[PDB]
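Form deposited in one PDB entry, single chain, as structure tokens, below.
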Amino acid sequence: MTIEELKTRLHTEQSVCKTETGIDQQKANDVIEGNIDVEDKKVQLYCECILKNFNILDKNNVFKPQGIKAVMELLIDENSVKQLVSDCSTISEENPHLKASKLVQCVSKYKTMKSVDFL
């Protein structure tokens, strides 16, 4: 994956997931900017849709290290990827929708979806 392909793929999934969840445009923009309202139901569904579409969250709602590594290895270095993986893997949440928003918030501490557009 090249940065330009990742940029277009990210924009596409953001659009797909906005249409699917009916999330307010500003709320979807907040998430993209790295301001995740973890408790908002639409934010949770939008977050879940994005992570699952990128194989970051599997069908068993497990945070996939190879899934996140495939996406991040173009954005962040090996050391930051290892730190992100160990950090975000500690998120244990019974509610899969809340787990998804907490996971996007965790990944966003390292690189926001917005900041990909700066590369």
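Only the largest set of C-alpha atoms that superpose within 1.5 Å between the two forms is called the rigid core. We number the residues from 1 along the sequence you see.
Displacement analysis by core superposition in 5 other deposited structures of this protein ranks 52 to 60 above the other of 83 to 91 and 52 to 60 in root-mean-square C-alpha distance from the shown form.
Displacement analysis by core superposition in 5 other deposited structures of this protein ranks 64 to 72 above the other of 64 to 72 and 23 to 31 in root-mean-square C-alpha distance from the shown form.
Averaged over their C-alpha atoms, the temperature factors of 67 to 75 and 29 to 37 are higher for 67 to 75. When the two stretches 4 to 12 and 108 to 116 are set side by side, the higher mean Cα temperature factor goes to 4 to 12. Comparing the C-alpha B-factors of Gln83, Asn53, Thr90, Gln44 in the entry, the top value falls on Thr90. Ranked within its chain, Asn95 lands in the highest third, by CA B factor from the PDB record.
Note that the form solved in complex with a small molecule isn't included here; everything after this is about it.
A residue is said to contact a partner when one of its heavy atoms sits within 4.5 Å of a partner heavy atom; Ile23 fails this definition for the small molecule in the bound PDB entry, lying far away. Although the partner is absent here, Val43 lies well away from the small molecule in the bound PDB entry, with no heavy atom inside 4.5 Å. Within this chain, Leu10 lines the site of the small molecule in the bound PDB entry, having a heavy atom no more than 4.5 Å away. At least one heavy atom of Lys111 is located within 4.5 Å of the small molecule in the bound PDB entry. No member of the trio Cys17, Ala28 and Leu98 reaches the small molecule in the bound PDB entry with any non-hydrogen atom inside 4.5 Å.
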